[PDB]
């Protein structure tokens, strides 16, 4: 007996096109999404070139429309030069992403004053998300309060971060957050198996106590999102390993395992992979779209999942219970038992749908 779920949404993926297509492209990354039960993705802007101006967004839109197999929205990225310049295209993006810790030169912000300028100029009704680790969470929250608006914190990893967000929510502040599966199912204890290259990720893996704190504070977590960050094994094991893990194909199986163990309920999962993503990012429903899962089948994660070009996974060897059997996307069978059946280009930009525009006052 299969369980029918709505179309799940991952608000944090890196699809690497343009400019890093040996790591992933729209076609391979959205195949990975469908195989993971994900029918809509929001793609980060740290591509090459990065999505920091209107021409780069226009190129990325066409590449996604031609390559994506599931539906999508594309983030814009904040830079040291573009505050006050994005107003005409802002509403066509998923939101604005701020890289407040480590990043590439083009996305680096030199001052908290530059963060303020973005919060002041980006349209007030549109989403802002931040990569913000440890005390940076408190700092960006202060900027949000000074500018009287909301913020969403990406990939929360540590006890100190989730407790700070919990304290802010207790004071009624408009902050939401997401947690990635590696910060719920891996810890420092796994670094000896993974090694120092494969284990590189930002935010870094937490301690066992960090992991325990995220589970204890599930009520504070608004979304799950993969931070799918594919790099090849050669890159992860080489002389200057880039940070990040692939995760689209493993996220739902890991979380279904936790549901079957009673660590959270099916509803808790659907709030965090469907309803809260929809409402925080103003993402539209997908007609005639659903995912059928088998909650009984036990399997062991292999050394690589079938679709991501990363061709490796940090979850190798973990035993899971739960598997995606079939995905229907807008009335067409998109995935069945390991086979993707919609071509590159089947996916659409949800911000172009009438129901996908963010409502605003005139």
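Numbering follows the first chain given and starts at 1.
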Problem set entry | 124-132 or 100-108, whichever carries the higher mean Cα B-factor | 100-108
Exercise. Would 111-119 or 233-241 have the larger average of its C-alpha temperature factors, as given in the entry?
Worked result: 233-241
Exercise. Say you rank 278, 182, 198, 169 by Cα B-factor from the PDB entry; which sits at the top?
Worked result: 198
Problem set entry | CA B-factor placement of residue 47, once the chain's modelled residues are sorted into thirds | middle
For this session: Place residue 188 in the lowest, middle or highest third of its chain's C-alpha B-factors, as listed in the PDB entry.
Result: highest
Problem set entry | Cα B factor band for residue 285 (lowest, middle or highest third within the chain) | middle
Problem set entry | B-factor third for the C-alpha atom of residue 17 within its chain | highest
Exercise. Among the chain's modelled residues, which third holds the C-alpha B-factor of residue 40?
Worked result: lowest
